[PDB]
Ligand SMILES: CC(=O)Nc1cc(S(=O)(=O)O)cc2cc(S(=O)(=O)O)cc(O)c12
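Just one chain is shown here, as structure tokens, and it is the form solved without this ligand.
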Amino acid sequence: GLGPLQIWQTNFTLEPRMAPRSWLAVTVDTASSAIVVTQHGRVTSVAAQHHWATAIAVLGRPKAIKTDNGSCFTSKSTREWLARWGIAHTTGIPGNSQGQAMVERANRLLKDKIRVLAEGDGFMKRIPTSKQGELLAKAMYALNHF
């Protein structure tokens, strides 16, 4: 019982080295500090739901998800998806230290790690589409399995 609470913080951040699909949906499990990230072409309610569907398969179901006031997170579409899963949801103005400083620090570590790995294979600007998925999985791996 007395071991910690399953609460996530999720946000989208922009990363042009991953273009065309340059919207990265990033989720930090505030307990374990495990990071889940996925690639998306557009930030929509459906992009938020598909991401969380992946994160649940990976981390398991959380009790609550903390996001900001973004529409993709407050639409009726998403409110219904979360309800369908029984996951509480609490908003917070963009970046609100309370619920966003972690996922924001995450954004940075992630983009840094994407740059290091990309430049190491000699990709200085955009990563070729066919290597994006493998490069993102490696970054995610490096950041979680420390």
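One-based numbering along the sequence shown.
Only in words, not in the display: the form solved in complex with this ligand, which the text now covers.
Using a 4.5 angstroms threshold between heavy atoms, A101 counts as touching this ligand in the bound PDB entry. Proximity of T30 to this ligand in the bound PDB entry falls within the 4.5 Å heavy atom cutoff. Interface membership of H51, defined by any non-hydrogen atom within 4.5 Å of this ligand in the bound PDB entry, is ruled out. The closest non-hydrogen atom of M140 lies beyond 4.5 Å of this ligand in the bound PDB entry.
Just one listed stretch, out of 19-27, 131-139, 5-13, 118-126, contacts this ligand in the bound PDB entry at the 4.5 Å heavy atom level, and that stretch is 5-13. Contact annotation for 51-72: a single residue, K66, has a non-hydrogen atom within 4.5 angstroms of this ligand in the bound PDB entry.
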